[PDB]
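Data first, discussion second: the structure below is written as structure tokens.
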Amino acid sequence: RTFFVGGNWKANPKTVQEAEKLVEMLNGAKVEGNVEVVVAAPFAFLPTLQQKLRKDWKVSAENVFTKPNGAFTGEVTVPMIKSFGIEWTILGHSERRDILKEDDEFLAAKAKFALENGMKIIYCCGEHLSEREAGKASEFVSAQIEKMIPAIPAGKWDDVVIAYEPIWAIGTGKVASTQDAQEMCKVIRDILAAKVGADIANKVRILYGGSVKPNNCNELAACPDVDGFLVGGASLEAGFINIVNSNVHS
Ligand code: NA
Numbered sequence: 002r003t004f005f006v007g008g009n010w011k012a013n014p015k016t017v018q019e020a021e022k023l024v025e026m027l028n029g030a031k032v033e034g035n036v037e038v039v040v041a042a043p044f045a046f047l048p049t050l051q052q053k054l055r056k057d058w059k060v061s062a063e064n065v066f067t068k069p070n071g072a073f074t075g076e077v078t079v080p081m082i083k084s085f086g087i088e089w090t091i092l093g094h095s096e097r098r099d100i101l102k103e104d105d106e107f108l109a110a111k112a113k114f115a116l117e118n119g120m121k122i123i124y125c126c127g128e129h130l131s132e133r134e135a136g137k138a139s140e141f142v143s144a145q146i147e148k149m150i151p152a153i154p155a156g157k158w159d160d161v162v163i164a165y166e167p168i169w170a171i172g173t174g175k176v177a178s179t180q181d182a183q184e185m186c187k188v189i190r191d192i193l194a195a196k197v198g199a200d201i202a203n204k205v206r207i208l209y210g211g212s213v214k215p216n217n218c219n220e221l222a223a224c225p226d227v228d229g230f231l232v233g234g235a236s237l238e239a240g241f242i243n244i245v246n247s248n249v250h251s
């Protein structure tokens with residue numbers, strides 16, 4: 002598996018002029034090793050990233066809707082994204098599940114629609130504090146992945162990346178360890194192996210999507226089942242390149 006680093010800008014930066022400055026910084030970064038890099042940005046900034054970002058990396062949307070077009074005011078759709086040459090989207094990020102109330106049925110429909118229309122997806126999952134403290138993390142994450150699995154069209158697993166988010170460690174007063182990252186990425190790989198087979202489990206990149214910074218990326222990357230990262234705030238900073246370059250420890 003090729004190490005994979007996605008930079009999720011989330012709803013940032015505030016201005017397209019800042020977005021262009023960030024792209025200029027990224028374009029001069031010296032990448033070491035072997036790594037697949039994707040940068041996800043707000044919809045309004047996708048055209049300028051697609052125009053200006055280094056072509057050895059790829060641009061990603063942060064969401065898409067379930068339909069090609071139509072009477073869905075405010076939604077952006079897969080064909081719109083693709084018409085710029087953009088090939089990636091994030092789906093099911095904890096912020097969209099938990100704040101914008103996207104449920105698993107909605108997300109499964111997005112995954113199917115995106116994949117059957119030639120997108121690649123970064124599909125996010127992860128358990129909350131109650132399930133973590135009950136000792137039911139693997140059961141919760143399995144339920145999420147089991148909803149995702151039937152949505153993946155035949156022959157499309159090459160275009161699926163899964164990100165694990167330790168939601169239990171976001172705004173809760175608890176922090177995740179490196180061992181927690183390894184354990185939960187391994188849990189996901191074992192769910193894949195049991196439900197769709199070892200061949201698929203061995204090729205799907207499973208990312209850690211907790212807090213990833215220059216000070217912990219190397220140790221996280223070295224974990225055997227951690228295939229990369231879905232990076233939050235550090236993707237807006239020069240430290241993103243440290244994280245990209247952590248692949249050499251994997
Ligand atoms: Na690794």
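Be aware that the sequence shown starts at 2, since it is given in the authors' numbering, and climbs by one per residue. We treat Cβ as the ideally placed atom computed from N, Cα and C, and that holds for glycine.
Review point. Straight-line CA distance for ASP160 to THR90?
Key: Each residue's Cα considered, the two are about 11 angstroms apart.
Practice item. List the endpoints of the continuous beta strand (DSSP E) containing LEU208. Key: Start and end: 207-209.
Practice item. Return helix, strand or coil for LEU50, following the three-state DSSP convention. Key: Of the three classes helix, strand and coil, the one that applies to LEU50 here is helix, per DSSP.
**Study point:** As assigned by DSSP and simplified to three states, the class of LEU92
**Key:** In the three-state DSSP reduction, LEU92 falls in the strand class (E or B).
Exercise for review: Would you identify the three-state DSSP class for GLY119, choosing helix, strand or coil?
Suggested key: In the three-state reduction of the DSSP assignment, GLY119 falls in the coil class.
Review point. Quick one: is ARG2 buried, meaning 16 or more other Cβ sit within 10 Å of its Cβ, or exposed?
Key: Classification of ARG2: exposed, given that the 10 Å Cβ count is below 16.
Review point. Within 10 angstroms of its Cβ, does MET26 collect 16 or more other Cβ (buried), or is it exposed?
Key: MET26 should be labelled exposed.
Review point. Between the Cα of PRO151 and the Cα atoms of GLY119, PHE141, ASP105, which residue gives the shortest distance?
Key: In terms of Cα proximity to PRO151, the closest of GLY119, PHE141, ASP105 is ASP105.
Exercise for review: Just list the alpha helix (DSSP H) runs in the stretch 103-148, keeping only unbroken ones of 4 residues or longer that don't cross its boundaries, in chain order.
Suggested key: At a cut-off of 4 residues, the continuous stretches assigned as alpha helix (DSSP H) that sit fully inside the stretch 103-148 are 105-117, 130-134.
Practice item. Buried or exposed for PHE4, please, with buried defined as at least 16 other CB atoms from any protein chain shown within 10 angstroms of its CB. Key: Answer is buried; the Cβ neighbour count reaches 16.
Check your understanding: Quick check: the stretch 225-239 against the stretch 170-190, are there 3 or more CB pairs under 8 angstroms?
Key -> Between the stretch 225-239 and the stretch 170-190, the count of Cβ pairs shorter than 8 angstroms is three or higher; the stretches touch.
Check your understanding: Should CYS224 be counted as a contact of the ligand NA given a C-beta to heavy atom distance under 7 angstroms?
Key -> Yes, the ligand NA has a heavy atom inside 7 angstroms of this Cβ.
Point to revise | Under 8 angstroms between C-beta atoms of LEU221 and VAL213 | key: Yes, they are a contact pair.
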